[PDB]
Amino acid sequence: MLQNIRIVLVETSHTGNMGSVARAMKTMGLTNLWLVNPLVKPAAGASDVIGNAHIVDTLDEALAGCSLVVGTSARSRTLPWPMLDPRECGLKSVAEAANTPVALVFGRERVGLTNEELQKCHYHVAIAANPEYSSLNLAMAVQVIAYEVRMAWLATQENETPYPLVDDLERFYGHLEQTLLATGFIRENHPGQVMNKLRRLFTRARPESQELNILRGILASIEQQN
């Protein structure tokens, strides 16, 4: 359901952009706006969407609670990542929004999302723009994504069981870390690079709740070896 689909805006800084994003959302029937650390402070027509915008300081807080995280980027600035086109994105998002919150993440005008931020997404979506001019304006990008989302949703209004939330996955990663510290595989005050490798892997696998359960079972059993 459309109310479960979050438009997440990271550190947006041009005050007109927020209004444009809000109008785009509303026209597509989206309403659930999240602002990660806005450099401009909350003048348009879709006032409601912005008045009811969640604000948070960090990206993690916009993501915890979602089962599906999708980041947007014109080009890759990470190792190979699972990719969706905007159509596929719309389908997958509408499919999961029935039960759980979905985060569609958008970066800053001019500089976009960082590598670090992009690594907290389960999928990357690149709109297939003209290669010489492949960056759309933030609000435009939202328009495209939201339009595909509405297509998919409309299709469902044409007459399974949830995924773990980012929260659960994070608990599993904590458990994984402590296990690796225990066995000595990673060191005290590790820079988090091995953990990032493993997160890349499991993000691509995208564990279901029972799979996650089994994994933590295994971790638990290992720790009783010491």
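Heads up: residue numbers just count along the shown sequence, starting at 1.
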Task: Extent of unmodelled deposited sequence, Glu160 relative to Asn159 - done: 4 to 9
Open item on the list: What does the record say about the segment between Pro42 and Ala43: how many deposited residues are without coordinates (none, 1 to 3, 4 to 9, 10 or more)?
Closed with: 4 to 9
- [ ] Averaging the C-alpha B factors as listed in the entry, name the stretch that ends up higher: 163-171 or 45-53.
- [x] 45-53
Open item on the list: Tell me which stretch has the larger mean Cα B-factor in this entry, 197-205 or 184-192.
Closed with: 184-192
Task: Per the PDB entry, maximal CA B factor within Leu84, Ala129, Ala97, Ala139 - done: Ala97
TODO: From the list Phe106, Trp153, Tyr147, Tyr123, select the residue with the highest C-alpha B factor recorded in the entry.
DONE: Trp153
TODO: Just say lowest, middle or highest third for the CA B-factor of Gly112 relative to the other modelled residues in its chain.
DONE: middle
- [ ] Name the third of the chain's ranked CA B-factors that contains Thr27, choosing lowest, middle or highest.
- [x] middle
Open item on the list: When the deposited Cα B-factors of this chain's modelled residues are ordered and cut into thirds, is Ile7 in the lowest, the middle or the highest one?
Closed with: lowest
